[PDB]
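K.L.:
Starting off with a structure, shown below.
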Amino acid sequence: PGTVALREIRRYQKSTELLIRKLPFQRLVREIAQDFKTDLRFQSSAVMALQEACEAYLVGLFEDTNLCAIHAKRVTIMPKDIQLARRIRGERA
Amino acid sequence: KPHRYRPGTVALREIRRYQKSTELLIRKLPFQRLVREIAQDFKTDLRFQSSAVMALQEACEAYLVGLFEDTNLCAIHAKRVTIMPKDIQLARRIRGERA
Amino acid sequence: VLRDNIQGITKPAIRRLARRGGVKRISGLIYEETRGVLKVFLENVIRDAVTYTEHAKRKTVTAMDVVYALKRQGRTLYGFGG
Amino acid sequence: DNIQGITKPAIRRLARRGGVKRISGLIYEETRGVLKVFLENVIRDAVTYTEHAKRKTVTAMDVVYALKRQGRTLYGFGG
DNA sequence: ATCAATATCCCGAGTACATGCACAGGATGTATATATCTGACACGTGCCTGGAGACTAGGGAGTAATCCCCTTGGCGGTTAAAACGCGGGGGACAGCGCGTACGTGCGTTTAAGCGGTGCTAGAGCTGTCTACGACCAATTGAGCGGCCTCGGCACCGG
DNA sequence: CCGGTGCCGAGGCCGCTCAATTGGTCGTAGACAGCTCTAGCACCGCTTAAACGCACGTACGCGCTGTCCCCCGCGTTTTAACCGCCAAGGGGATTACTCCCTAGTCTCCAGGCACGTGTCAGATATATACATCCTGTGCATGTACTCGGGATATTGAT
């Protein structure tokens, strides 16, 4: 095996849609915002912008994680790579 | 016959000695000549304040120390203790300079 | 069932995002860790987005608020206003 | 030719502050490149600020302003 | 499972430049009074965000077989480290002068105010008409099949 | 006894045969062009008024410029722990299948808060006289750097 994954890899790098389902993301955002203040209302464009920015952040994170994994002569990505990427980028330690 | 130290203990000795003091490492005159020649390569007949060149020196040293710290993390990530340029390239790319 | 909505970010969604990132193999411990990271990011934007809503004495969070919040974190977003 | 003024023991010292035990012998020639490039940007700004004030002397505040525009802030030099 | 050889820390003494305080003063912080419009408050309004219903089905959750990448272990070659001697250039002090900051005088240049008027904006329903969905016929490529030719071993000949 | 020769076994060639891929055509529908005021409104033309921006000298320090001395860099040596390569055990992430379920569509409903206007009043710009707090200058002295010698670790080799 090892080629159906590359099929996806090539497919998703061309299409430009939202890879996360909208309703769970909306529920997550509402629950996260509940703590700061109760009884909030959300503009739909605000939620869409949130989801777009989060997806872009995750894509960049996984790009750097893949670079980290390749550095150590591996193909599988593990949290040992994500922690290193976050540390050296500057969001932690 | 003469007492020889193991390869590696002098390394940690130098680490501890240098990580406590805060003097300038690079010799002042070569750094001044380098910045002068670079400036003349851009714009000739320039005058430099001594405080300006020492601030350039301190900025460069801070940059290099941070870069080498990141390089050390990269090298340890690869199950190694010696630093090779691939670690520096990886760090420089993830930080977002080179690429 | 009473389940936290962070688990609403399904495993196939994370796999899709990873595949868009260009990765061949995915270990099994990424799935719980990535969600955590996704929490932290939303803890640094909504917090700001609410504060602007405070300063305008409004009760509805608008897209301009989140765009300004993302702008100050060096993550400017295009095409959603501003 | 003055980039060679950054001698090898100086690079060793800079590495030792960072906390590394062993240094490859070919690191220096690449490391001198980074010092060559990172320094070619602040001067780009430092002279340019100098050239705005009709003056041809690089004061200690121009380098501070350049490093601030680039994202590296330093204290103690009139910042 | 310790003893020699270094390196480091601790303490004491001669020494000095930089900290901290007082002085003269000057120019910016302060008190008083006036003008006035920016923003608090109230009001209506109507956009739209939140709640629930039913139906479709793309997508997720669960299971099972498994080949592969991960990791541990072992060995050869060598690239760097530690310490010696040799050698050069960084480092520490006086003389010029050309740059930088004030001081003084001038006029060009933006702010402000008031009519004048094309001009960008919004909803109007406008109509086309690219571009998103569905179907279908082109090449590219690998997994197979038939047949022919070459080479090794057992059988018979002298 | 050894050797020619038939029989069988394997390697090489060629070719379809079939299953998976990708550009071309059909088609319909919501959304980019494009008037149409309008609308009031920013932008332009046309004036002056004041100030800051600019240039000329001119005082005055802070960068370049020349001379002795060792401290750090250069260069050599040996040797050893590490890098890199190889190999095998096995776990787990992969891939494919069926089954469940909540995303997605859209429809309907409706009350909360965005959003604009109208009113008016007090907080804030602004000018002037008052005055005192911060700042440049000068100077005593002491906390801290440096040198030297004796503790306590701190490693390596038997």
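Counting starts with 1 at the first residue shown.
Method reported for this entry: electron microscopy, 3.2 Å.
Cβ from N, Cα, C; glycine included.
What Swiss-Prot shows for this protein is this:
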- D:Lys8: SUMO2 cross-link (CROSSLNK)
- D:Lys8: UFM1 cross-link (CROSSLNK)
- D:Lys36: SUMO2 cross-link (CROSSLNK)
- D:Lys56: SUMO2 cross-link (CROSSLNK)
- D:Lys68: ubiquitin cross-link (CROSSLNK)
- D:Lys68: SUMO2 cross-link (CROSSLNK)
- D:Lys8: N6-propionyllysine (MOD_RES)
- D:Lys8: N6-butyryllysine (MOD_RES)
- D:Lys8: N6-(2-hydroxyisobutyryl)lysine (MOD_RES)
- D:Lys8: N6-acetyllysine (MOD_RES)
- D:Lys8: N6-glutaryllysine (MOD_RES)
- D:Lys8: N6-succinyllysine (MOD_RES)
- D:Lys21: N6-propionyllysine (MOD_RES)
- D:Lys21: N6-butyryllysine (MOD_RES)
- D:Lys21: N6-(2-hydroxyisobutyryl)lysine (MOD_RES)
- D:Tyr28: phosphotyrosine (MOD_RES)
- D:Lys36: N6-(2-hydroxyisobutyryl)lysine (MOD_RES)
- D:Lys36: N6-glutaryllysine (MOD_RES)
- D:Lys54: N6-propionyllysine (MOD_RES)
- D:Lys54: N6-butyryllysine (MOD_RES)
- D:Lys54: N6-(2-hydroxyisobutyryl)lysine (MOD_RES)
- D:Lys54: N6-glutaryllysine (MOD_RES)
- D:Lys54: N6-succinyllysine (MOD_RES)
- D:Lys56: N6-propionyllysine (MOD_RES)
- D:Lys56: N6-butyryllysine (MOD_RES)
- D:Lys56: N6-(2-hydroxyisobutyryl)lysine (MOD_RES)
- D:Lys56: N6-glutaryllysine (MOD_RES)
- D:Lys56: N6-succinyllysine (MOD_RES)
- D:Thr57: phosphothreonine (MOD_RES)
- D:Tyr65: phosphotyrosine (MOD_RES)
- D:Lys68: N6-propionyllysine (MOD_RES)
- D:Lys68: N6-butyryllysine (MOD_RES)
- D:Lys68: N6-(2-hydroxyisobutyryl)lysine (MOD_RES)
- D:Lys68: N6-acetyllysine (MOD_RES)
- D:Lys68: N6-glutaryllysine (MOD_RES)
- D:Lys68: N6-succinyllysine (MOD_RES)
K.L.:
Nearest of the recorded positions to D:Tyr65 (phosphotyrosine) by CA-CA distance, picking from D:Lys21, D:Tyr28, D:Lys56?
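P.N.:
So, spelling it out, the nearest of the recorded positions is D:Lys56.
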K.L.:
Count, for each of the recorded positions D:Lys8, D:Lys21, D:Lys54, D:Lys68, the other C-beta atoms lying within 10 angstroms of its own C-beta, and report the residue with the smallest count.
P.N.:
D:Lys54
K.L.:
Quick one: of the recorded positions D:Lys8, D:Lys21, D:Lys36, which has its CA closest to the CA of D:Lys56 (SUMO2 cross-link)?
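P.N.:
Spatially nearest to D:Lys56 (SUMO2 cross-link) by Cα position is D:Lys36.
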K.L.:
Name, in order along the sequence, the recorded positions among D:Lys36, D:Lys56, D:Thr57 with a Cβ closer than 8 Å to any chain B Cβ.
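P.N.:
Checking chain B against the recorded positions, the residues within range (Cβ-Cβ under 8 Å) are D:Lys56, D:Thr57.
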K.L.:
Among all protein chains shown, how many Cβ atoms are found within 10 Å of the Cβ of D:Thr57 (phosphothreonine), not counting that one?
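P.N.:
Neighbour count, Cβ to Cβ under the 10 Å cut-off: 12.
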K.L.:
Taking just the CA atoms, what is the gap between D:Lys54 (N6-propionyllysine) and D:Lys36 (SUMO2 cross-link) in Å?
P.N.:
28
K.L.:
Tally every other Cβ atom lying within 10 Å of the Cβ atom of D:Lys56 (SUMO2 cross-link).
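P.N.:
Its Cβ has 13 other Cβ atoms within 10 Å.
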K.L.:
Provide the number of Cβ atoms within 10 Å of the Cβ of D:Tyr28 (phosphotyrosine), excluding the reference atom itself.
P.N.:
18
K.L.:
Which whole-number value in Å describes the distance between the Cα atoms of D:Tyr28 (phosphotyrosine) and D:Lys8 (SUMO2 cross-link)?
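P.N.:
Rounded to a whole number, the Cα-Cα distance is 7 Å.
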K.L.:
Please identify, from the recorded positions D:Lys36, D:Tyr65, the residue with the sparsest Cβ neighbourhood, meaning fewest other Cβ atoms within 10 angstroms.
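P.N.:
Candidates: the recorded positions D:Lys36, D:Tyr65. Fewest Cβ atoms within 10 Å: D:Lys36.
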K.L.:
If you compare CA-to-CA distances from D:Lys36 (SUMO2 cross-link) to each of the recorded positions D:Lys8, D:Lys21, D:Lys68, which comes out shortest?
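P.N.:
With Cα distances computed to D:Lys36 (SUMO2 cross-link), the winner among D:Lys8, D:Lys21, D:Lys68 is D:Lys8.
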K.L.:
Where does D:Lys21 (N6-propionyllysine) sit in the DSSP three-state scheme?
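P.N.:
For D:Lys21 (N6-propionyllysine) - judged by DSSP and reduced to three states - the answer is coil.
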K.L.:
Looking at the recorded positions D:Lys21, D:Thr57, D:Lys68, which has the shortest Cα distance to D:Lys8 (SUMO2 cross-link)?
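P.N.:
Out of the listed candidates, the nearest Cα belongs to D:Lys21.
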